[PDB]
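Student: Please work out how this folds:
(8 chains)
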Amino acid sequence: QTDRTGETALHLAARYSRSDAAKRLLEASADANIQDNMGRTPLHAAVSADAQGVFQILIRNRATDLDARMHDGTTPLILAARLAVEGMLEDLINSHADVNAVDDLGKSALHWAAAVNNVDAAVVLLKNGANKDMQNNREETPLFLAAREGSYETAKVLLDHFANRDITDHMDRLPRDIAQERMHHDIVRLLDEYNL
Amino acid sequence: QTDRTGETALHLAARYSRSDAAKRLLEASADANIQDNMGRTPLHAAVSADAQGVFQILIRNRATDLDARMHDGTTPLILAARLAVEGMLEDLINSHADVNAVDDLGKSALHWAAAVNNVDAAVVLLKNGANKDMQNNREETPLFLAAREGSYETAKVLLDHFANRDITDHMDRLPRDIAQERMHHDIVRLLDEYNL
Amino acid sequence: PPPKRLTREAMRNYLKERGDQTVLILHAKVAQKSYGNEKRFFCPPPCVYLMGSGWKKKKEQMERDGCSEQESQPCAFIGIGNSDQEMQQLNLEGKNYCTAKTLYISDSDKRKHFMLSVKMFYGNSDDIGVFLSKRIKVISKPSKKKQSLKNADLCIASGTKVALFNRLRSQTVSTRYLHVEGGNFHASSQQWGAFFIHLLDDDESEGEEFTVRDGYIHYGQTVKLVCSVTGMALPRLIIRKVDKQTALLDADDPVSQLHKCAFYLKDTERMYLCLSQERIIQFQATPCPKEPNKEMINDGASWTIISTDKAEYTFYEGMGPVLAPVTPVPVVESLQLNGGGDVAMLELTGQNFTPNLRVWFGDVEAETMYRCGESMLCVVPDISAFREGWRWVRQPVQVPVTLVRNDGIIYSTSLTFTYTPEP
Amino acid sequence: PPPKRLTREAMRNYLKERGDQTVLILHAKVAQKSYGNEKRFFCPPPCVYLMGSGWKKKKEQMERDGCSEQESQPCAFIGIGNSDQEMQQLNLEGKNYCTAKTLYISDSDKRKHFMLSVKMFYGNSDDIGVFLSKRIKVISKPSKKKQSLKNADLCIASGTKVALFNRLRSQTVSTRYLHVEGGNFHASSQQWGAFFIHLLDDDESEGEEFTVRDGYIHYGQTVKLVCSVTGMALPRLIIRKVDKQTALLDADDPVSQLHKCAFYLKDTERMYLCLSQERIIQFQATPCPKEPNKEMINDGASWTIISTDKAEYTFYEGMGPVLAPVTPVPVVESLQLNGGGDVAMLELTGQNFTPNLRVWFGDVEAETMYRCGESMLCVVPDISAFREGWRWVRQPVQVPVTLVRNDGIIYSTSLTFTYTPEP
Amino acid sequence: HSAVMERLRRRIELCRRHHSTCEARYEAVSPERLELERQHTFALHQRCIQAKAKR
Amino acid sequence: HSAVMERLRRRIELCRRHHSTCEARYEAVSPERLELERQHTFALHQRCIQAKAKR
DNA sequence: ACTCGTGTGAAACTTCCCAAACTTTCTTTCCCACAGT
DNA sequence: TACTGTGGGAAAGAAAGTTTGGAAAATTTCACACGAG
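Tutor: Residues are numbered from 1 along each chain as shown, chains lettered A, B, ... in the order given. Below is the structure in question.
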């Protein structure tokens, strides 16, 4: 711990993308699930830093908690989904990360991916379990966050695996509504008229 | 597959104890759960060959099935227990191998460890779950195999965790009896008079 | 007049000024349902403060343009939103705070949760936008529940700020809340303060050096309370339940929301803390003969207790009047460092983000990728944006991070990026 | 005379001779319980063969020492073991095989499993030791069970060798089993053959090119049966259930143990396979009027079918007479190669191992570590133990692996280690 | 580089492109959107002003 | 070597030592153990020989 | 019954898979005394 | 007065549970009657 950020020698090599620097630190039976003051394991750092090199190491390593949370309870599967990086989401899925794991606001990577209109993510995530109608501690279906943010493409995709468009939020507003409101008439037209 | 034995490039480096030869073969997304004609994954080869180097690699790697079976359904945890190697048993246990997993004759590594009077193995195994009273498709308690082979020390140890000495075989012989018969009067005296 | 993006200049003359406008809604975490024709009011009343040495600057600048004492009058309205009841005005005249003591929630409001929206504009129709409270939970009745922490949301946990009020004999008008006037605790029927409910050890050392604990709060525990308002603290108290003005000493259950109770001052005989039909004092509590460990107690030592919340929002005008509301107001929970050095970026998680912001590192605007409502991303500008010499970060530099709108409204953050030499 | 460990010599003059003695117990996998005073006999009778061109050598050597025709008489006794019934002799006189057709299992034998022990010695009291059958399971009554494969042990699976017998009208003496006499199928009341019950496809090509399937066997399937005895095979048959000499064509349940049935010769009209009060033929089967798909059938086309097992044991005298029994006899299921080259060892898994053995690679004895009863270990001797030149294995060499006791009794294995040049 | 650089250029472009499409809808709708906010701040101001007329 | 060699010497010894203790109980008990096998092959031979006397 | 392998098949019986009130700790509703306008 | 909040209780309910019945295959075991020496 450099005690500035609470970060370990591993954490650093993760963020700095030193892919084999990390390797010897693993030859050393060095724990790869240490938390910095943000409460993130070097894997988190690795994802955050789009460091495919180091990433690959940690996930190929069995010791490493793939579903580790941060102080706000973010999983690497979450960052992976929002920070729009290539591959990572998938690799974590294949290595059997809890796809329905949630952060403190109880949003799943599917949720976030619909927040950041991350269509690719959402599809992969759907085809790997993923509660498509999960709620968060505001009773928000990920179809909802989509319809709020108005991210239409990801939206078509859950409408596509038939997400339930009628599950509301914790204030009895349909997703259909937070559209109307935020003035996304497209997302509306889609909710009014696509599938059923 | 060299098709002589059905063995892969990995299998070989495992048996030959080339510890970093194995490493590059793993950099290559090469599957580490290939079966040779005996039906053994390189890990099985690594254990068999007391190759701590390669072993450590494969077990530290997440892809690798730690509970893989052979044509006779032997788990590495099984060989580990019988082939009397140092450490391996433990490291596999720590990496969360199914400790109660069984071979086709339905004998657990605790069973074998009592067959081969492997006291150390038995103790580690007991302190990690391990059905101490498990039976095999001959209804043989591992306290039994001990009392058959007459391996007394391992026997004192199950009597120590109070294995049930009254569970019989599939022919209604007490372990107490297969002692008597095989002329192990010590194992008898112990079964007659130690604990209760 | 067309909208003017804030300038390298306007900024450096805000890091000197810091003349912030700032709203500040206080409010309870729960609200009792109101079945049929009745009307249960929010029993600490949602209390819209209005801090910041810059509201004045806005009265000044306004009138110095041709504006009434009637015009530069901030004009607020509160409401639960989603109703035909319409909204209710607040009298922000004279004093800067205000309270809405006749707010309720019909039987004809199915929603099992809700939010207070505090609409606002200057008299001149000049808009300032809607402000939102931090989520409130309908209940049906204060839930008297033994040790199953199943709902958890209802249990008053340690550390949380709570406000407690006293009403008497069952009459609407008497209501008086433990508030602090300058440094002397009283019971206003206008003002309520919010106190932190820190937990303590059963066995005790001196009355200072206050070391805190974890977990929920159960009746019987020892709990000091520090006011965020004056900073002041009351002597070490012991919370106990109450049934028909009798304070049961052996209550082993956890304090649920909106529960009546009483505070035994530790080591003061049998004295408790009690409401004064005036300025607040302590009381001896009656005998306890037929019921052994169950003391009978006064009208005024029987408080109702509710966990509270605040909803802050700061924002400065950095390019003068702007036609559209300054709302939604960006609030920034956490600031993450993605990557390092020459690639170094920064992820911002908060809420109410909008594509039309841009995070500024001190006075240098940084390119800003908006991911969504509650996440943003920006590129840590090179160190030679501040110290014009150096191609590298030769030693620790710390600039304050801040969000800046298009028409240059600037939402402050009090969070700071700190450059550091590479390890 | 003190015991003589086998020698480098004795061996090389066995890899030429191969004059093996060998027992060989055949027997049914199940045996019906016998409640109270009754006596259900093992309905194929356990059949102690005695192959190997060296039982003769042991008659020869013996008499050529001063031994009776009475003395060099192998003298066997069978028994379920654990009883007061004592044992029952076998008449190994004349012919080399024999059968024990009055063996049963009391109600006073609680053991839910059991084993046949075949004691033996030469007439001269000269011992040869106990032989054991491959585990047999008590049942209470042939279990007519629909498609739940819960017990599995009872369900006749594909590939398994099965013997089927015919008894008639309910009388003990008639019993005749499908056996092969030289190449012509008959029904002996002395001899029973064991046939493999391979599975086939519902839709069919020609009557050869026999390609097999997996899983259990259910009534109605097509099943060829090849004899291990003559090698011969009966035409493609169709197994169907039987109730009161009527062969229900639509039986969709799996063949359970000790079940009556009948064999429809495919594509031969309505002909089946039937018992001849002589040498075996086919039968047309009666009408089927009131019951539509349910054909009435003969006494002789109604067989009982049971899954069987063998228990082989070879062993040579490599140092002449040995005082103690040549039993228990080492049998070797699998041979594993631990390690490589200069460290190369070999693990042997089998059963009835004993510390007093030593695995020989051809004629070179290799150091042998005994791990336990069912596992052993030995050190692959250097290639220059066979090819005296070379420090390395320059190209493929294959020697036969075999277990050798202390007093040089030698148990053969038909397993072979194959040296190979390093890859 | 170009191994990673082409990858990083591609990532940043995603955010970039995205951010664009967002900050462009928000701007476009905001007229129409400010409009249930004006019309509301209106017939509500005629209440702010007659409770000032009660002082 | 000696890293592994001392480890391998140690392993082999274990088997070696074990096998020893085994092959030495077995040998030791075998007299007494052959003894319910003789006494049995006896009063059972006097039955092998009088069913030869019935031919 | 004369006494002994076989098969009926009826009567006792085993885990077993699944469908019921309630053990039951929580709410949500509504119905109604008491004190101040 | 007769209508304002309020506390408060009592009858109405409800989703997490343990489990009690007991209805659905497949054991045991036993008592028994053909056909043969």
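
Student: Quick one: distance of stretch C:188-197 to the chain centre.
Tutor: With CA atoms, centre = their mean, to the nearest Å as the basis, the distance from the averaged C-alpha position of stretch C:188-197 to the chain average is 12 Å.

Student: Can I get that stretch in PDB, CA atoms only?
Tutor: Output for stretch C:188-197, consisting of C-alpha atoms alone and laid out as PDB, is shown next (Å, rounded to 0.1, in the frame of the first residue of the first chain):
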ATOM      1  CA  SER C 188     -39.300  25.200  18.300                       C
ATOM      2  CA  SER C 189     -42.600  24.700  16.400                       C
ATOM      3  CA  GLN C 190     -40.800  26.200  13.400                       C
ATOM      4  CA  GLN C 191     -37.300  24.800  13.400                       C
ATOM      5  CA  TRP C 192     -36.000  21.200  13.600                       C
ATOM      6  CA  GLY C 193     -32.300  20.100  13.700                       C
ATOM      7  CA  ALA C 194     -30.900  16.800  12.500                       C
ATOM      8  CA  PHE C 195     -28.600  14.900  14.900                       C
ATOM      9  CA  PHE C 196     -26.300  11.900  14.200                       C
ATOM     10  CA  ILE C 197     -27.300   8.800  16.200                       C
END
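
Student: which outside residues touch it?
Tutor: Counting by CB atoms under 8 Å, 6 or more residues apart in numbering or on different chains, the neighbours of stretch C:188-197 from elsewhere in the structure are C:26, C:44-45, C:47, C:97, C:99, C:156, C:158-165, C:174-181, C:217, C:223, C:225-230, C:308, C:310. C-beta: built from backbone N, CA, C; applies to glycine.

Student: From those, keep the buried residues only.
Tutor: Burial by neighbour count, judged by 16 or more other CB atoms under 10 Å in any protein chain shown, picks out C:26, C:44-45, C:47, C:99, C:156, C:158, C:160-165, C:175-180, C:217, C:223, C:225-227, C:308 from the contacts of stretch C:188-197.

Student: Stretch C:294-310 vs DNA strand H: in contact?
Tutor: Yes. For stretch C:294-310, a contact with DNA strand H is found by CB under 7 Å from any atom of the strand, at residue C:304.

Student: Please, where are all the helices along chain A?
Tutor: Taking DSSP state H to define them, one finds helices in chain A at A:9-15, A:21-27, A:42-48, A:52-60, A:76-82, A:88-94, A:109-115, A:119-126, A:142-149, A:152-158, A:175-182, A:185-193.

Student: Adding distance to chain F, write those out as a markdown table.
Tutor: Formatted as a markdown table, the entries for the helices of chain A read as follows, by distance: least, CB to the nearest CB, whole Å:
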| stretch | distance to chain F |
| --- | --- |
| helix A:9-15 | 27 |
| helix A:21-27 | 16 |
| helix A:42-48 | 30 |
| helix A:52-60 | 26 |
| helix A:76-82 | 38 |
| helix A:88-94 | 36 |
| helix A:109-115 | 46 |
| helix A:119-126 | 45 |
| helix A:142-149 | 55 |
| helix A:152-158 | 56 |
| helix A:175-182 | 64 |
| helix A:185-193 | 66 |
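
Student: could you dump the ones you listed to a markdown table with mean neighbour count?
Tutor: A markdown table is the format used below for the helices of chain A (neighbours: other CB atoms under 10 Å in any protein chain shown):
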| stretch | mean neighbour count |
| --- | --- |
| helix A:9-15 | 25 |
| helix A:21-27 | 18 |
| helix A:42-48 | 30 |
| helix A:52-60 | 23 |
| helix A:76-82 | 28 |
| helix A:88-94 | 20 |
| helix A:109-115 | 31 |
| helix A:119-126 | 22 |
| helix A:142-149 | 29 |
| helix A:152-158 | 22 |
| helix A:175-182 | 20 |
| helix A:185-193 | 16 |
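
Student: just to revisit the earlier point, out of the contacts of stretch C:188-197, which sit inside strands?
Tutor: Counting by DSSP state E, the contacts of stretch C:188-197 place C:26, C:47, C:161-165, C:176-181, C:223, C:225-227, C:308, C:310 in strands.

Student: of the helices of chain A, which approaches residue B:63 most closely?
Tutor: With CB to CB, the closest approach to residue B:63 among the helices of chain A belongs to helix A:52-60: 7.2 Å.

Student: What number of residues are in the vicinity of the residue nearest to residue A:59 when sequence neighbours are not counted?
Tutor: Nearest non-adjacent residue to residue A:59, counting by CB to CB, 6 or more residues apart in numbering or on different chains: residue A:95, 5.2 Å away. Applying other CB atoms under 10 Å in any protein chain shown, we find 15 other residues in the vicinity of residue A:95.

Student: Just confirm residue A:95 contacts residue A:89, I think it does.
Tutor: No. Judged on CB atoms under 8 Å, residue A:95 makes no contact with residue A:89 at a distance of 11.1 Å.

Student: what about residue C:351, neighbour count?
Tutor: A count of neighbours around residue C:351, defined by other CB under 10 Å, yields 15.

Student: what about it, distance to residue A:173?
Tutor: Noted for residue C:351: a distance of 17 Å to residue A:173, by CB to CB, to the nearest Å.

Student: next one: residue C:58
Tutor: Distance from residue C:58 to residue A:173, counting by CB to CB: 34 Å.

Student: what does stretch E:46-55 contact?
Tutor: Counting by CB under 8 Å, 6+ apart, C:70, C:73, C:75, C:77, C:89, C:121, C:123 sit against stretch E:46-55.

Student: Dump those to JSON lines, plus neighbour count, distance to residue A:126 and secondary structure.
Tutor: Conversion of those to JSON lines gives the following (neighbours: other CB atoms under 10 Å in any protein chain shown; distance: CB to CB, whole Å; DSSP: H, G, I helix; E, B strand; the rest coil):
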{"residue": "C:70", "neighbour count": "12", "distance to residue A:126": "58", "secondary structure": "coil"}
{"residue": "C:73", "neighbour count": "19", "distance to residue A:126": "54", "secondary structure": "coil"}
{"residue": "C:75", "neighbour count": "28", "distance to residue A:126": "49", "secondary structure": "strand"}
{"residue": "C:77", "neighbour count": "21", "distance to residue A:126": "44", "secondary structure": "strand"}
{"residue": "C:89", "neighbour count": "16", "distance to residue A:126": "49", "secondary structure": "strand"}
{"residue": "C:121", "neighbour count": "21", "distance to residue A:126": "45", "secondary structure": "strand"}
{"residue": "C:123", "neighbour count": "19", "distance to residue A:126": "53", "secondary structure": "coil"}
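
Student: Intersect these with the contacts of chain E.
Tutor: Restricting those to those adjacent to chain E (criterion: CB under 8 Å from any CB of the partner chain) gives C:70, C:73, C:75, C:77, C:89, C:121, C:123.

Student: For the fifth one, name its beta-bridge partners.
Tutor: Beta-bridge partners recorded for residue C:89 (DSSP bridges): residue C:77.

Student: where along chain C do the helices fall?
Tutor: Assigned by DSSP H, chain C shows helices spanning C:8-12, C:55-63.

Student: Reformat those as TSV; add distance to chain A.
Tutor: What follows is the helices of chain C, written out as TSV (distance: least, CB to the nearest CB, whole Å):
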stretch	distance to chain A
helix C:8-12	27
helix C:55-63	29
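
Student: Taking chain E, what residue is nearest to chain B?
Tutor: Closest approach between chain E and chain B, counting by CB to the nearest CB: residue E:3, at 15.9 Å.
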